[PDB]
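Single chain ahead, by itself, as C-alpha cells, in the form deposited in one PDB entry.
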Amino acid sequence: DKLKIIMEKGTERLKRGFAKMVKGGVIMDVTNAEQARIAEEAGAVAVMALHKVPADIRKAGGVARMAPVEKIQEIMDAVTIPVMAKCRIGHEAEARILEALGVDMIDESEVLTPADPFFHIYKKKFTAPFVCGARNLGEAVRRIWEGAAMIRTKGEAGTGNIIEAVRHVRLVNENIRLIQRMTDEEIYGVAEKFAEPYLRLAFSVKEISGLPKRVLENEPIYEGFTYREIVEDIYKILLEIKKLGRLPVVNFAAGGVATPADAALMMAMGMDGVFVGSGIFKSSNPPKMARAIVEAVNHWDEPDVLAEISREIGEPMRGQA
C-alpha cells in the first residue's frame, strides 16, 4: 500500500521527536512528590517515578514491579516537566496501564524484575514512547527495532559506580565506528548476528520437540516476523546508523552517575543526557547536589566551572564495588 508507510513513519518520528526535547538535560529519579518538587526546582528536564528503589528489594530478596499507580499519579501532579514510570521487561499490561494513566514515557527496565524471559514489549504498538537500556550496539538496535524512542546505557544501578556506563558507551561507539569502516554486505553480517537473540524461544521449543535447533525460512519468530524479516529491518537501521555516526534516537547515560564530574564525563563521551536516581537524594543538602548535576551537564566543557559547581555539595552515597 502507499499509507501505513507515511503513517508508521510519521508515528515513529512523532515518538522520537518527543524524546528530543529532553535532550541536553538531566532526568532524575524520585520516590515521592516532595522529591519531584526539589528535582523540578533543580533543573531536571524530567522525572522518573519510583516508590521504593528497585535496586534493593527486590535486591534484598524481592520482586520489583511497576510502581503503585496512585504513587505515580501523585508525582505527575506535583510537577509540570514530563514524568516517566518504569515497567518490567516484557510486561505489556503494566505498560498499557502506565499509558492509560498518561505518563509521558515508559522505561522498560532491567532494574525491575523481568517478566518475560524471551521477549521485550513490542513498543511500536503503543502510543506512549519508550526508553530502553542497552549494554552494546546489538542491544540498542534490537530495542530500537522493537520501537524504542530513546536509549540509555544499562550501566550498574544501585552502586554509584560509573565504570559500567562507560563500558556501554564505548562498546556502542566502537561498534558504530566499526560499522562505518564496513561494506554493505559486511554490515548485513552484523545484522544477522544482532538478530540471533529473537531465536531463543524457537530453539528451546525445537529441543523440547526433539528437532534440530536451526533457522527455518518462513517461520514467524516474533510478532509475526520471520528471522530474515528481522535481519532486513535491523540492516536498514544499521545503514541509517552508518550514515549518522550515532544512534538514530536520543541516547542517555544511566547507572552510577554520582557526581558532577561523572555527569560531565558522559557528556564528553558524546551523550545527549543523564539519568540519575540514588546519587542525589542522600547527602546533607541534596537540592544542591541535584543542582550541581544539572549545572555540570550544561557546562560540561568548562573545567573551571565544574570545579566551582563541585565546591561543597554534600556526601555522595556509599556505593558497591
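Superpose the two forms; the largest set of C-alphas matching within 1.5 Å is the rigid core. From 1 onward, residues are counted along the sequence shown.
The following text describes the form deposited in another entry, which does not appear among the structures shown.
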>> I want to make sure I read this right: if the two forms are fitted on their rigid core, which of 34, 41, 56, 70 has a C-alpha displacement of 2 angstroms or more between this form and the one not shown?
In response: 56
>> When the rigid core is used for the superposition, does residue 291 move between this form and the one not shown (threshold: C-alpha shift of 2 Å or more)?
In response: no
>> Since the Cα-Cα distance for residue 55 and residue 64 shifts by 3 angstroms or more in that other deposited form, is it a contraction (closer) or an expansion (farther)?
In response: farther
>> Comparing against this form, do residue 88 and residue 59 have their CA atoms pulled together or pushed apart in that other deposited form? The difference is 3 Å or more.
In response: farther
